[PDB]
Amino acid sequence: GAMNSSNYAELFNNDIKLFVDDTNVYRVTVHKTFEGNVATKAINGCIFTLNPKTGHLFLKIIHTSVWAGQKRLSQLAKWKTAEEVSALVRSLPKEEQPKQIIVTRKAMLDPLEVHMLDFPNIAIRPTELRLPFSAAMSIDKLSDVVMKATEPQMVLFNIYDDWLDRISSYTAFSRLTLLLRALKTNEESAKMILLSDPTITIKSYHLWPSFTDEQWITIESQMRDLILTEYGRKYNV
Amino acid sequence: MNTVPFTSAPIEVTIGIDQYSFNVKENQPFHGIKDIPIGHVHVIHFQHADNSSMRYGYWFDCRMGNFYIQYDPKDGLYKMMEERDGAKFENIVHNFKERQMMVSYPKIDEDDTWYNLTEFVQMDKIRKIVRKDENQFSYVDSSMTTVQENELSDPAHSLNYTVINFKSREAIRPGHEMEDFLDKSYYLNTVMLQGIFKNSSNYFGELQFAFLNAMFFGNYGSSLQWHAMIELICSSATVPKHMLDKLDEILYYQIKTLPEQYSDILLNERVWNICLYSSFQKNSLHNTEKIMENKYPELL
């Protein structure tokens, strides 16, 4: 069934599961033509496939060449997503294949279900959570590898850096979604918070700065404050 | 013209024959239905005055035998049976007519309704969907589930409709996932028509039989099957032109005959709105669309 606030801790049990977010697969800029009509230009995108228990991220880069000569691209993007997710599962050894795939947008259910017909025992699940994975391209190193790609490419990351050496999956996931929620609501302020102090650096093999435990407490509170301020602004509350 | 005599009518029952129906009182001297048109299948069905659940009845074709009805006080239902003694049967039919204890199949000469509803329905195909090979006629009732329903419990009593499933390997060629899911033409024309049904007439026959069982018995799995076979055609971009024109006629007469009060459980909103207004064949069902809009605009 659908994933919601009630069955939230299932994400951190030992049943392998992946989130799939397709929000950044088909990305365009909208511009005016010489004749004054509107046209789009595609830019590179990505499928965001994440194991919330381990932090392993399978970032499949979608190169603009995929779209060449194709129609109804927003619909095609959903099927390309499902094709690539299915190829990923096939590429994994049996004991690493997920038992569930949770799609962040309900429009992905039928395409993934059809692409996964060969895996009848992998459950394809929607979610009611309003997860902020669209802000993945606010993470500088992820945006950079996507935009520099010259061809289709799979790039692997751990989205939790080394946090799991010190905190649990549940807490790691709460931090990730907090950071991304903030980046989504006000990217400039979120990024200021994360980088203000120049003495706290990002390891070459990490995505986020090397905060101490106490500094993460301060960061998380600043992100909370950011998110509440922006809410008051949005609704005049 | 053929006859289906009744031994007696011990319990108050509403008797249907095709789209017609008569009320018969407990131990009323009722002894059959005469002047039944030869050349079509027929269905005689029952609903007891005491149990408006369980409508039930028998599909039959008078060319295949002499059939009659007899109430069974143990099983408590009107049973169809075959009489093999041709002389004993003419004798009963003649004496009951002489005594004028038989209703006449009340067909208006202008009326092709029953023909239009049963055009492709063959008794031999019915007997493969309702498997009971010792009888020439077939029992169906409100509660019988289909084989596909059974997959998601007693197989002897199942409706063996052809299984249609849009999210299955059968329907989806590897490597053509998106193409085949959005354009079911492959599934319709190669898998179903050429593969399984062999021709469009057998397909239409099952579709018509499914509709009639849903209408006459409120059989829910039959209604599911009727809608699936409509949706498969309407969701195919490439359909033989003769099939589209015939489908428009088939559906028109089905919608025409449906009881107005039943349009709520018998018509799947999503399928009809998709077929009439979204599908590849939105513009190919002009008669069906016109009657749906003037009779059931709420559903749309």
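Neighbour counts are summed over all protein chains in view; Cβ atoms, including those assigned to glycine, are modelled from backbone coordinates with ideal geometry. Each answer follows from the model by the rule given with it, or from the source it names; no laboratory read-out is quoted.
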Inset, instruction - Name, by its number, the condition in (1) buried (at least 21 other Cβ atoms within 10 Å of the Cβ); (2) within 14 Å of chain B (Cβ to nearest Cβ) that does not hold for A:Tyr160. - result: (2)
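For the stretch B:159-185, how many residues meet the condition of being within 27 Å of the chain's Cα centre (by Cα), within 14 Å of chain A (Cβ to nearest Cβ), crowded, with 17+ Cβ neighbours inside 10 Å and farther than 27 Å from B:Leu117 by Cβ?
Adding up the residues that qualify gives 1.
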Inset, instruction - Could you list all residues from the stretch B:229-253 that are out of contact with any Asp or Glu (no Cβ under 6 Å at 6 or more places or on another chain) and either among the β-branched types (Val, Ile, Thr) or not in a helix (DSSP H, G or I) (or both)? - result: B:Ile230, B:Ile233, B:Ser235, B:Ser236, B:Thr238, B:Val239, B:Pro240, B:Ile250
Inset, instruction - Please go through the stretch A:108-123 and pick out each residue that is of a type in the set (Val, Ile, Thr) and either farther than 16 Å from A:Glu84 by Cβ or more than 7 Å from chain B (Cβ to nearest Cβ) (or both). - result: A:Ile122
Inset, instruction - Count, please, the residues in the stretch B:149-158 that happen to be within 14 Å of chain A (Cβ to nearest Cβ) and more than 20 Å from B:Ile196 (Cα to Cα). - result: 1
Inset, instruction - Output the qualifying pairs, or none if there are none: Cβ atoms under 6 angstrom, residues six or more apart or on different chains, first residue in the stretch A:210-231 and surrounded by 13 or more Cβ atoms within 10 Å (Cβ to Cβ), second residue of a type in the set (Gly, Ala, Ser). - result: A:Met223/A:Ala182; A:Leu226/A:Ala182; A:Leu226/A:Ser189; A:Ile227/A:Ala182
Inset, instruction - Being surrounded by fewer than 19 Cβ atoms within 10 Å (Cβ to Cβ), more than 14 Å from chain A (Cβ to nearest Cβ) and more than 20 Å from B:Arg131 (Cβ to Cβ) narrows it down to one of B:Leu244, B:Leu193, so name that one. - result: B:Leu244
Legend entry - Contacts under 8 angstrom Cβ, first residue in the stretch A:95-115 being over 14 Å from B:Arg169 (Cα atoms), partner of a type in the set (S, T, N, Q), 6 or more apart: A:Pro98/A:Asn51; A:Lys99/A:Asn121; A:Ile102/A:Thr127; A:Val103/A:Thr127; A:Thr104/A:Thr23; A:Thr104/A:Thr127; A:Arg105/A:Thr23; A:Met108/A:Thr81
Inset, instruction - Find all pairs meeting these conditions: Cβ atoms under 8 angstrom apart; at least six residues apart or on different chains; first residue within the stretch A:27-38 and in a strand (DSSP E or B); second residue charged (D, E, K, R). - result: A:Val28/A:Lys41; A:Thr29/A:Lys41; A:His31/A:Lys41; A:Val38/A:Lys32
Inset, instruction - Give the residues of the stretch B:168-188 that are closer than 21 Å to B:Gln148 by Cβ and either of a type in the set (A, V, I, L, M) or in a helix (DSSP H, G or I) (or both), sorted by residue number. - result: B:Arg169, B:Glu170, B:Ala171, B:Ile172, B:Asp180, B:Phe181, B:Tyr186, B:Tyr187, B:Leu188
Legend entry - Residue that is surrounded by the fewest Cβ atoms within 10 Å (Cβ to Cβ) [pool: residues in the stretch B:12-29 that are part of a loop (DSSP other than H, G, I, E, B) and within 26 Å of the chain's Cα centre (by Cα)]: B:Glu12
Inset, instruction - Give just the number: which of (1) in the same structural domain as A:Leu142 (by CATH); (2) of a type outside the set (A, V, I, L, M, F, W, C); (3) surrounded by fewer than 20 Cβ atoms within 10 Å (Cβ to Cβ); (4) not in a helix (DSSP H, G or I) does A:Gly1 not satisfy? - result: (1)
Legend entry - Elements of type strands (runs of 3 or more DSSP E) in the stretch A:59-162, at least 2 residues being under 20 Å from A:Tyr26 (Cα atoms) and not hydroxyl-bearing (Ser, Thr, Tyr): A:100-103, A:153-158
Inset, instruction - Having 1 or more residues that are more than 21 Å from the chain's Cα centre (by Cα) is the bar; report the helices (runs of 4 or more DSSP H) wholly within the stretch B:254-300 that clear it. - result: B:269-273, B:286-295
Legend entry - So A:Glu83, is it of a type in the set (D, E, K, R), touching a strand residue (DSSP E or B) at 6+ places or on another chain (Cβ under 8 Å) and within 14 Å of chain B (Cβ to nearest Cβ): no
